[PDB]
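See below for run20.pdb, which holds PDB, C-alpha atoms.
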```
ATOM      1  CA  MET A   1      25.577  66.070  85.453  1.00  0.00           C
ATOM      2  CA  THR A   2      22.165  65.220  87.051  1.00  0.00           C
ATOM      3  CA  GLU A   3      23.141  65.992  90.687  1.00  0.00           C
ATOM      4  CA  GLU A   4      22.462  69.571  91.912  1.00  0.00           C
ATOM      5  CA  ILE A   5      21.854  71.807  94.976  1.00  0.00           C
ATOM      6  CA  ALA A   6      18.741  74.016  94.770  1.00  0.00           C
ATOM      7  CA  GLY A   7      19.044  77.744  95.542  1.00  0.00           C
ATOM      8  CA  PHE A   8      17.899  78.971  98.975  1.00  0.00           C
ATOM      9  CA  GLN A   9      15.019  81.457  99.275  1.00  0.00           C
ATOM     10  CA  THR A  10      16.822  82.822 102.411  1.00  0.00           C
ATOM     11  CA  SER A  11      19.540  81.539 104.796  1.00  0.00           C
ATOM     12  CA  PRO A  12      18.762  78.430 107.004  1.00  0.00           C
ATOM     13  CA  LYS A  13      19.718  80.760 109.933  1.00  0.00           C
ATOM     14  CA  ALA A  14      17.705  78.906 112.618  1.00  0.00           C
ATOM     15  CA  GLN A  15      18.997  75.483 111.551  1.00  0.00           C
ATOM     16  CA  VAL A  16      22.644  76.692 111.521  1.00  0.00           C
ATOM     17  CA  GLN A  17      21.967  78.159 115.023  1.00  0.00           C
ATOM     18  CA  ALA A  18      20.322  75.025 116.524  1.00  0.00           C
ATOM     19  CA  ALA A  19      22.922  72.681 114.988  1.00  0.00           C
ATOM     20  CA  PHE A  20      25.799  74.809 116.322  1.00  0.00           C
ATOM     21  CA  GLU A  21      24.056  75.048 119.732  1.00  0.00           C
ATOM     22  CA  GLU A  22      24.384  71.245 119.865  1.00  0.00           C
ATOM     23  CA  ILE A  23      27.891  71.037 118.296  1.00  0.00           C
ATOM     24  CA  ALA A  24      29.033  73.635 120.924  1.00  0.00           C
ATOM     25  CA  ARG A  25      27.723  71.253 123.674  1.00  0.00           C
ATOM     26  CA  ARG A  26      29.194  68.088 122.097  1.00  0.00           C
ATOM     27  CA  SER A  27      32.622  67.561 123.741  1.00  0.00           C
ATOM     28  CA  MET A  28      34.117  64.059 123.978  1.00  0.00           C
ATOM     29  CA  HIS A  29      36.463  62.572 126.669  1.00  0.00           C
ATOM     30  CA  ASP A  30      36.720  63.711 130.356  1.00  0.00           C
ATOM     31  CA  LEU A  31      35.830  67.314 129.344  1.00  0.00           C
ATOM     32  CA  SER A  32      32.190  66.019 129.172  1.00  0.00           C
ATOM     33  CA  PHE A  33      29.376  67.404 126.944  1.00  0.00           C
ATOM     34  CA  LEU A  34      28.846  70.469 129.186  1.00  0.00           C
ATOM     35  CA  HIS A  35      26.339  73.110 127.994  1.00  0.00           C
ATOM     36  CA  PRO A  36      27.716  76.104 125.982  1.00  0.00           C
ATOM     37  CA  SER A  37      27.166  78.780 128.742  1.00  0.00           C
ATOM     38  CA  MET A  38      27.077  81.374 125.876  1.00  0.00           C
ATOM     39  CA  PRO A  39      24.133  81.313 123.392  1.00  0.00           C
ATOM     40  CA  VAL A  40      25.371  80.607 119.848  1.00  0.00           C
ATOM     41  CA  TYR A  41      24.028  83.213 117.350  1.00  0.00           C
ATOM     42  CA  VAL A  42      23.908  83.679 113.540  1.00  0.00           C
ATOM     43  CA  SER A  43      23.725  86.919 111.495  1.00  0.00           C
ATOM     44  CA  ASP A  44      22.031  86.905 108.031  1.00  0.00           C
ATOM     45  CA  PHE A  45      22.752  89.626 105.452  1.00  0.00           C
ATOM     46  CA  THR A  46      23.289  90.535 101.745  1.00  0.00           C
ATOM     47  CA  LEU A  47      23.417  88.511  98.469  1.00  0.00           C
ATOM     48  CA  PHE A  48      27.240  88.515  98.155  1.00  0.00           C
ATOM     49  CA  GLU A  49      28.642  86.668  95.079  1.00  0.00           C
ATOM     50  CA  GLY A  50      24.908  86.127  94.255  1.00  0.00           C
ATOM     51  CA  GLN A  51      24.554  84.003  97.463  1.00  0.00           C
ATOM     52  CA  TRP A  52      22.952  84.806 100.858  1.00  0.00           C
ATOM     53  CA  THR A  53      25.621  85.816 103.413  1.00  0.00           C
ATOM     54  CA  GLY A  54      25.812  85.193 107.173  1.00  0.00           C
ATOM     55  CA  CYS A  55      28.209  84.647 110.091  1.00  0.00           C
ATOM     56  CA  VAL A  56      27.825  82.239 113.055  1.00  0.00           C
ATOM     57  CA  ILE A  57      29.339  82.876 116.505  1.00  0.00           C
ATOM     58  CA  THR A  58      29.651  80.283 119.255  1.00  0.00           C
ATOM     59  CA  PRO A  59      31.801  80.225 122.463  1.00  0.00           C
ATOM     60  CA  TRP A  60      34.169  77.936 120.477  1.00  0.00           C
ATOM     61  CA  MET A  61      34.364  79.691 117.022  1.00  0.00           C
ATOM     62  CA  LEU A  62      33.225  82.449 114.628  1.00  0.00           C
ATOM     63  CA  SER A  63      32.737  81.464 110.970  1.00  0.00           C
ATOM     64  CA  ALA A  64      31.391  83.143 107.843  1.00  0.00           C
ATOM     65  CA  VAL A  65      28.568  81.130 106.160  1.00  0.00           C
ATOM     66  CA  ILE A  66      27.073  81.493 102.632  1.00  0.00           C
ATOM     67  CA  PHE A  67      24.062  79.790 100.963  1.00  0.00           C
ATOM     68  CA  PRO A  68      23.285  79.649  97.171  1.00  0.00           C
ATOM     69  CA  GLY A  69      20.903  82.488  96.185  1.00  0.00           C
ATOM     70  CA  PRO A  70      17.241  82.244  95.063  1.00  0.00           C
ATOM     71  CA  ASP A  71      16.260  80.285  91.897  1.00  0.00           C
ATOM     72  CA  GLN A  72      19.730  78.757  91.261  1.00  0.00           C
ATOM     73  CA  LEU A  73      20.747  75.187  90.323  1.00  0.00           C
ATOM     74  CA  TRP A  74      24.307  74.758  91.609  1.00  0.00           C
ATOM     75  CA  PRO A  75      25.998  71.402  90.748  1.00  0.00           C
ATOM     76  CA  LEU A  76      26.260  68.822  93.565  1.00  0.00           C
ATOM     77  CA  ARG A  77      29.662  69.324  95.282  1.00  0.00           C
ATOM     78  CA  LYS A  78      31.593  66.917  97.502  1.00  0.00           C
ATOM     79  CA  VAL A  79      31.997  68.017 101.091  1.00  0.00           C
ATOM     80  CA  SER A  80      35.167  69.656 102.444  1.00  0.00           C
ATOM     81  CA  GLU A  81      35.952  70.901  98.875  1.00  0.00           C
ATOM     82  CA  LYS A  82      36.998  74.587  98.575  1.00  0.00           C
ATOM     83  CA  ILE A  83      35.345  77.179  96.302  1.00  0.00           C
ATOM     84  CA  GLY A  84      37.232  80.451  95.658  1.00  0.00           C
ATOM     85  CA  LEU A  85      34.932  83.454  96.289  1.00  0.00           C
ATOM     86  CA  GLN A  86      35.895  87.056  95.458  1.00  0.00           C
ATOM     87  CA  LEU A  87      35.355  89.658  98.239  1.00  0.00           C
ATOM     88  CA  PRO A  88      36.875  93.170  98.675  1.00  0.00           C
ATOM     89  CA  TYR A  89      38.268  91.636 101.931  1.00  0.00           C
ATOM     90  CA  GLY A  90      40.399  89.504  99.528  1.00  0.00           C
ATOM     91  CA  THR A  91      39.653  86.445  97.377  1.00  0.00           C
ATOM     92  CA  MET A  92      39.121  83.656  99.951  1.00  0.00           C
ATOM     93  CA  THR A  93      38.212  79.960  99.735  1.00  0.00           C
ATOM     94  CA  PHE A  94      34.931  78.942 101.381  1.00  0.00           C
ATOM     95  CA  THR A  95      34.789  75.230 102.230  1.00  0.00           C
ATOM     96  CA  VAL A  96      31.693  73.184 101.273  1.00  0.00           C
ATOM     97  CA  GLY A  97      30.100  72.189 104.590  1.00  0.00           C
ATOM     98  CA  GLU A  98      27.201  69.718 104.734  1.00  0.00           C
ATOM     99  CA  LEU A  99      25.046  69.946 107.900  1.00  0.00           C
ATOM    100  CA  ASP A 100      21.686  68.581 109.154  1.00  0.00           C
ATOM    101  CA  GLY A 101      18.730  70.892 108.325  1.00  0.00           C
ATOM    102  CA  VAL A 102      21.172  73.099 106.304  1.00  0.00           C
ATOM    103  CA  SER A 103      22.269  70.714 103.479  1.00  0.00           C
ATOM    104  CA  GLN A 104      25.324  71.935 101.496  1.00  0.00           C
ATOM    105  CA  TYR A 105      26.549  75.470 102.271  1.00  0.00           C
ATOM    106  CA  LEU A 106      29.850  77.405 101.895  1.00  0.00           C
ATOM    107  CA  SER A 107      31.693  78.455 105.089  1.00  0.00           C
ATOM    108  CA  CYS A 108      35.104  79.452 106.527  1.00  0.00           C
ATOM    109  CA  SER A 109      36.440  79.818 110.088  1.00  0.00           C
ATOM    110  CA  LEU A 110      37.326  83.440 110.992  1.00  0.00           C
ATOM    111  CA  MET A 111      38.533  83.217 114.649  1.00  0.00           C
ATOM    112  CA  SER A 112      38.065  81.505 118.044  1.00  0.00           C
ATOM    113  CA  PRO A 113      36.376  84.124 120.372  1.00  0.00           C
ATOM    114  CA  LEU A 114      38.176  82.788 123.513  1.00  0.00           C
ATOM    115  CA  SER A 115      38.637  86.260 125.092  1.00  0.00           C
ATOM    116  CA  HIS A 116      37.896  86.629 128.847  1.00  0.00           C
ATOM    117  CA  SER A 117      36.068  89.915 127.994  1.00  0.00           C
ATOM    118  CA  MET A 118      33.661  87.754 125.883  1.00  0.00           C
ATOM    119  CA  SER A 119      29.878  88.062 126.483  1.00  0.00           C
ATOM    120  CA  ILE A 120      26.693  87.441 124.399  1.00  0.00           C
ATOM    121  CA  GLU A 121      26.790  91.160 123.444  1.00  0.00           C
ATOM    122  CA  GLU A 122      30.357  90.752 122.057  1.00  0.00           C
ATOM    123  CA  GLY A 123      29.031  87.597 120.362  1.00  0.00           C
ATOM    124  CA  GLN A 124      26.257  89.435 118.461  1.00  0.00           C
ATOM    125  CA  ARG A 125      28.358  92.619 117.929  1.00  0.00           C
ATOM    126  CA  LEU A 126      31.202  90.497 116.505  1.00  0.00           C
ATOM    127  CA  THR A 127      28.894  88.493 114.178  1.00  0.00           C
ATOM    128  CA  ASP A 128      27.750  91.864 112.736  1.00  0.00           C
ATOM    129  CA  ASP A 129      31.315  93.259 112.741  1.00  0.00           C
ATOM    130  CA  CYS A 130      32.421  90.008 111.050  1.00  0.00           C
ATOM    131  CA  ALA A 131      29.726  90.577 108.385  1.00  0.00           C
ATOM    132  CA  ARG A 132      30.969  94.193 107.988  1.00  0.00           C
ATOM    133  CA  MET A 133      34.624  93.004 107.852  1.00  0.00           C
ATOM    134  CA  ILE A 134      34.158  90.422 105.043  1.00  0.00           C
ATOM    135  CA  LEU A 135      31.772  92.647 103.012  1.00  0.00           C
ATOM    136  CA  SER A 136      34.193  95.583 103.535  1.00  0.00           C
ATOM    137  CA  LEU A 137      30.959  97.636 103.125  1.00  0.00           C
ATOM    138  CA  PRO A 138      28.326  98.957 105.607  1.00  0.00           C
ATOM    139  CA  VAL A 139      25.496  96.545 106.554  1.00  0.00           C
ATOM    140  CA  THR A 140      22.325  96.737 108.701  1.00  0.00           C
ATOM    141  CA  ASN A 141      23.210  96.203 112.384  1.00  0.00           C
ATOM    142  CA  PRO A 142      20.375  93.823 113.506  1.00  0.00           C
ATOM    143  CA  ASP A 143      19.004  95.995 116.376  1.00  0.00           C
ATOM    144  CA  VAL A 144      16.683  98.296 114.353  1.00  0.00           C
ATOM    145  CA  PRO A 145      13.120  99.425 115.405  1.00  0.00           C
ATOM    146  CA  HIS A 146      10.214  96.942 115.547  1.00  0.00           C
ATOM    147  CA  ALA A 147       9.279  96.569 111.843  1.00  0.00           C
ATOM    148  CA  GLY A 148       5.979  94.632 112.319  1.00  0.00           C
ATOM    149  CA  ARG A 149       2.644  96.450 111.738  1.00  0.00           C
ATOM    150  CA  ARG A 150      -1.048  95.426 111.676  1.00  0.00           C
ATOM    151  CA  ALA A 151      -2.388  94.292 108.281  1.00  0.00           C
ATOM    152  CA  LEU A 152      -5.348  96.316 106.881  1.00  0.00           C
ATOM    153  CA  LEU A 153      -6.992  97.160 103.492  1.00  0.00           C
ATOM    154  CA  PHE A 154      -6.867  93.516 102.346  1.00  0.00           C
ATOM    155  CA  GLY A 155      -7.176  92.782  98.590  1.00  0.00           C
ATOM    156  CA  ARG A 156      -5.427  91.310  95.505  1.00  0.00           C
ATOM    157  CA  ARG A 157      -4.513  92.740  92.080  1.00  0.00           C
ATOM    158  CA  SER A 158      -7.113  91.343  89.621  1.00  0.00           C
ATOM    159  CA  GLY A 159      -7.780  92.016  85.899  1.00  0.00           C
ATOM    160  CA  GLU A 160      -4.712  91.117  83.822  1.00  0.00           C
ATOM    161  CA  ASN A 161      -3.817  88.915  86.837  1.00  0.00           C
ATOM    162  CA  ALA A 162      -6.188  85.905  86.736  1.00  0.00           C
TER     163      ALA A 162
END
```

Kindly present the structure from the file in structure tokens form.
Amino acid sequence: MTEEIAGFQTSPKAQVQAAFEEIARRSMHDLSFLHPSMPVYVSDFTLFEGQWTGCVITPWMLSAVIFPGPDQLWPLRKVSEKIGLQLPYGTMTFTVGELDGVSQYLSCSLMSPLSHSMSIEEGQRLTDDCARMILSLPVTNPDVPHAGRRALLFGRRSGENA
């Protein structure tokens, strides 16, 4: 078959976030398209099943998200199809989503975080705890030290490298 999905270098984390920021606002009928009042957020972590892992949280939902790993040529899938993935959490079907700025990706709903104790901190904590949960293995909590440093001693390997 000629139709394919190219592997992702890393997760489209920003595009999943911005799309879900809008989808969380979009609300039809007399409810009106009121703003989310809780910033949607997305964790990115690990190369599980050979594919980049992540979770999204919004006021309306929490869902695991997965993107084909680097230098891969997956076949083109149809949307809303299910793909069985193996996790220590249990073998679980991830549904093929197709989303603007994200293209095809593999996702499943985990819960609706409609608790009255909910806050942006519980949002981010629960995206990371959701990552932990479905990996069933420890993972970097994304509140580490500032990792940026100044660049110095500029150069390139040259010789055998042209």

Contact residues around range 51-67 of chain A with all atoms listed in the file at 8 Å, ignoring same-chain residues under 6 positions, as a short mmCIF file (atom, residue, chain, number, x, y, z; two decimals) with C-alpha atoms, in the coordinates of the input:
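Output (part-v1.cif):
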```
data_model
loop_
_atom_site.label_atom_id
_atom_site.label_comp_id
_atom_site.auth_asym_id
_atom_site.auth_seq_id
_atom_site.Cartn_x
_atom_site.Cartn_y
_atom_site.Cartn_z
CA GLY A 7 19.04 77.74 95.54
CA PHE A 8 17.90 78.97 98.98
CA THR A 10 16.82 82.82 102.41
CA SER A 11 19.54 81.54 104.80
CA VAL A 16 22.64 76.69 111.52
CA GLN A 17 21.97 78.16 115.02
CA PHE A 20 25.80 74.81 116.32
CA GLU A 21 24.06 75.05 119.73
CA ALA A 24 29.03 73.64 120.92
CA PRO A 36 27.72 76.10 125.98
CA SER A 37 27.17 78.78 128.74
CA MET A 38 27.08 81.37 125.88
CA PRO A 39 24.13 81.31 123.39
CA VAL A 40 25.37 80.61 119.85
CA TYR A 41 24.03 83.21 117.35
CA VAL A 42 23.91 83.68 113.54
CA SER A 43 23.72 86.92 111.50
CA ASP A 44 22.03 86.90 108.03
CA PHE A 45 22.75 89.63 105.45
CA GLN A 104 25.32 71.94 101.50
CA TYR A 105 26.55 75.47 102.27
CA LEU A 106 29.85 77.40 101.90
CA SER A 107 31.69 78.46 105.09
CA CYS A 108 35.10 79.45 106.53
CA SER A 109 36.44 79.82 110.09
CA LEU A 110 37.33 83.44 110.99
CA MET A 111 38.53 83.22 114.65
CA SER A 112 38.06 81.50 118.04
CA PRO A 113 36.38 84.12 120.37
CA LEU A 114 38.18 82.79 123.51
CA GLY A 123 29.03 87.60 120.36
CA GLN A 124 26.26 89.44 118.46
CA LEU A 126 31.20 90.50 116.50
CA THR A 127 28.89 88.49 114.18
CA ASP A 128 27.75 91.86 112.74
CA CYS A 130 32.42 90.01 111.05
CA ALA A 131 29.73 90.58 108.38
#
```

### Message
Around the point (27.9, 89.3, 96.4) (coordinates from the file), which residues reach within 10 Å if we count all atoms listed in the file? Answer as number ranges by chain.
### Response
A: 46-53, 69, 85-87, 135

### Message
Between A:147, A:14, A:153, A:118, which residue has the minimum interatomic distance to residue 101 in chain A, considering only C-alpha atoms?
### Response
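Under the stated criterion, the closest residue is A:14.
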
### Query
In Å, with one decimal, what is the gap from CA of residue 72 in chain A to CA of residue 3 in chain A?
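Taking CA of residue 72 in chain A and CA of residue 3 in chain A, their separation equals 13.2 Å.
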
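Proximity to residue 90 in chain A was assessed for A:133, A:102, A:1, A:139 counting all atoms listed in the file; the smallest distance is recorded for A:133.
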
### Message
Just the number, please: distance in Å from CA of residue 88 in chain A to CA of residue 15 in chain A, one decimal.
### Response
28.3 Å

When you get a chance, write out N, CA, C and O atoms for range 15-36 of chain A, as a PDB file, keeping the file's coordinate frame.
```
ATOM      1  N   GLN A  15      18.476  76.843 111.581  1.00  0.00           N
ATOM      2  CA  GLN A  15      18.997  75.483 111.551  1.00  0.00           C
ATOM      3  C   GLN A  15      20.508  75.501 111.790  1.00  0.00           C
ATOM      4  O   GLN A  15      20.999  74.690 112.572  1.00  0.00           O
ATOM      5  N   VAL A  16      21.231  76.468 111.210  1.00  0.00           N
ATOM      6  CA  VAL A  16      22.644  76.692 111.521  1.00  0.00           C
ATOM      7  C   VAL A  16      22.767  76.967 113.029  1.00  0.00           C
ATOM      8  O   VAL A  16      23.597  76.343 113.682  1.00  0.00           O
ATOM      9  N   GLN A  17      21.908  77.821 113.603  1.00  0.00           N
ATOM     10  CA  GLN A  17      21.967  78.159 115.023  1.00  0.00           C
ATOM     11  C   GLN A  17      21.759  76.915 115.891  1.00  0.00           C
ATOM     12  O   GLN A  17      22.603  76.620 116.730  1.00  0.00           O
ATOM     13  N   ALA A  18      20.673  76.165 115.688  1.00  0.00           N
ATOM     14  CA  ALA A  18      20.322  75.025 116.524  1.00  0.00           C
ATOM     15  C   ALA A  18      21.364  73.910 116.403  1.00  0.00           C
ATOM     16  O   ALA A  18      21.741  73.301 117.405  1.00  0.00           O
ATOM     17  N   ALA A  19      21.876  73.674 115.191  1.00  0.00           N
ATOM     18  CA  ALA A  19      22.922  72.681 114.988  1.00  0.00           C
ATOM     19  C   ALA A  19      24.174  73.094 115.749  1.00  0.00           C
ATOM     20  O   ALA A  19      24.729  72.285 116.491  1.00  0.00           O
ATOM     21  N   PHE A  20      24.601  74.353 115.629  1.00  0.00           N
ATOM     22  CA  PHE A  20      25.799  74.809 116.322  1.00  0.00           C
ATOM     23  C   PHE A  20      25.597  74.920 117.828  1.00  0.00           C
ATOM     24  O   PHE A  20      26.573  74.775 118.558  1.00  0.00           O
ATOM     25  N   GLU A  21      24.368  75.095 118.311  1.00  0.00           N
ATOM     26  CA  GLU A  21      24.056  75.048 119.732  1.00  0.00           C
ATOM     27  C   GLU A  21      24.386  73.653 120.268  1.00  0.00           C
ATOM     28  O   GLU A  21      24.938  73.529 121.364  1.00  0.00           O
ATOM     29  N   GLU A  22      24.132  72.616 119.465  1.00  0.00           N
ATOM     30  CA  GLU A  22      24.384  71.245 119.865  1.00  0.00           C
ATOM     31  C   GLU A  22      25.867  70.911 119.694  1.00  0.00           C
ATOM     32  O   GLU A  22      26.499  70.376 120.600  1.00  0.00           O
ATOM     33  N   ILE A  23      26.471  71.285 118.567  1.00  0.00           N
ATOM     34  CA  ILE A  23      27.891  71.037 118.296  1.00  0.00           C
ATOM     35  C   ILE A  23      28.769  71.765 119.337  1.00  0.00           C
ATOM     36  O   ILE A  23      29.818  71.250 119.720  1.00  0.00           O
ATOM     37  N   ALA A  24      28.334  72.925 119.852  1.00  0.00           N
ATOM     38  CA  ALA A  24      29.033  73.635 120.924  1.00  0.00           C
ATOM     39  C   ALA A  24      28.936  72.894 122.272  1.00  0.00           C
ATOM     40  O   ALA A  24      29.786  73.097 123.140  1.00  0.00           O
ATOM     41  N   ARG A  25      27.902  72.064 122.468  1.00  0.00           N
ATOM     42  CA  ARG A  25      27.723  71.253 123.674  1.00  0.00           C
ATOM     43  C   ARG A  25      28.532  69.965 123.550  1.00  0.00           C
ATOM     44  O   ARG A  25      29.124  69.508 124.527  1.00  0.00           O
ATOM     45  N   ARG A  26      28.517  69.350 122.367  1.00  0.00           N
ATOM     46  CA  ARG A  26      29.194  68.088 122.097  1.00  0.00           C
ATOM     47  C   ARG A  26      30.693  68.290 122.363  1.00  0.00           C
ATOM     48  O   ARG A  26      31.334  69.096 121.688  1.00  0.00           O
ATOM     49  N   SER A  27      31.234  67.529 123.316  1.00  0.00           N
ATOM     50  CA  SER A  27      32.622  67.561 123.741  1.00  0.00           C
ATOM     51  C   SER A  27      32.899  66.179 124.322  1.00  0.00           C
ATOM     52  O   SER A  27      32.272  65.765 125.300  1.00  0.00           O
ATOM     53  N   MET A  28      33.779  65.436 123.656  1.00  0.00           N
ATOM     54  CA  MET A  28      34.117  64.059 123.978  1.00  0.00           C
ATOM     55  C   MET A  28      35.186  64.023 125.089  1.00  0.00           C
ATOM     56  O   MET A  28      35.749  65.065 125.443  1.00  0.00           O
ATOM     57  N   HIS A  29      35.487  62.825 125.607  1.00  0.00           N
ATOM     58  CA  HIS A  29      36.463  62.572 126.669  1.00  0.00           C
ATOM     59  C   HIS A  29      36.052  63.262 127.987  1.00  0.00           C
ATOM     60  O   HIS A  29      34.913  63.713 128.144  1.00  0.00           O
ATOM     61  N   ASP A  30      36.961  63.300 128.965  1.00  0.00           N
ATOM     62  CA  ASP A  30      36.720  63.711 130.356  1.00  0.00           C
ATOM     63  C   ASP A  30      36.303  65.185 130.503  1.00  0.00           C
ATOM     64  O   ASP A  30      35.889  65.616 131.582  1.00  0.00           O
ATOM     65  N   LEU A  31      36.373  65.961 129.414  1.00  0.00           N
ATOM     66  CA  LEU A  31      35.830  67.314 129.344  1.00  0.00           C
ATOM     67  C   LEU A  31      34.309  67.298 129.577  1.00  0.00           C
ATOM     68  O   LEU A  31      33.784  68.264 130.139  1.00  0.00           O
ATOM     69  N   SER A  32      33.638  66.209 129.177  1.00  0.00           N
ATOM     70  CA  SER A  32      32.190  66.019 129.172  1.00  0.00           C
ATOM     71  C   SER A  32      31.441  67.013 128.265  1.00  0.00           C
ATOM     72  O   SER A  32      31.928  68.100 127.948  1.00  0.00           O
ATOM     73  N   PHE A  33      30.226  66.631 127.847  1.00  0.00           N
ATOM     74  CA  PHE A  33      29.376  67.404 126.944  1.00  0.00           C
ATOM     75  C   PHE A  33      28.615  68.491 127.723  1.00  0.00           C
ATOM     76  O   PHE A  33      27.383  68.541 127.743  1.00  0.00           O
ATOM     77  N   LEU A  34      29.371  69.341 128.424  1.00  0.00           N
ATOM     78  CA  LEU A  34      28.846  70.469 129.186  1.00  0.00           C
ATOM     79  C   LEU A  34      28.137  71.447 128.245  1.00  0.00           C
ATOM     80  O   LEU A  34      28.509  71.582 127.076  1.00  0.00           O
ATOM     81  N   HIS A  35      27.122  72.143 128.759  1.00  0.00           N
ATOM     82  CA  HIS A  35      26.339  73.110 127.994  1.00  0.00           C
ATOM     83  C   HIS A  35      27.207  74.324 127.601  1.00  0.00           C
ATOM     84  O   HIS A  35      28.221  74.582 128.257  1.00  0.00           O
ATOM     85  N   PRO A  36      26.832  75.084 126.547  1.00  0.00           N
ATOM     86  CA  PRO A  36      27.716  76.104 125.982  1.00  0.00           C
ATOM     87  C   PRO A  36      28.017  77.288 126.916  1.00  0.00           C
ATOM     88  O   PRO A  36      29.072  77.907 126.786  1.00  0.00           O
TER      89      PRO A  36
END
```
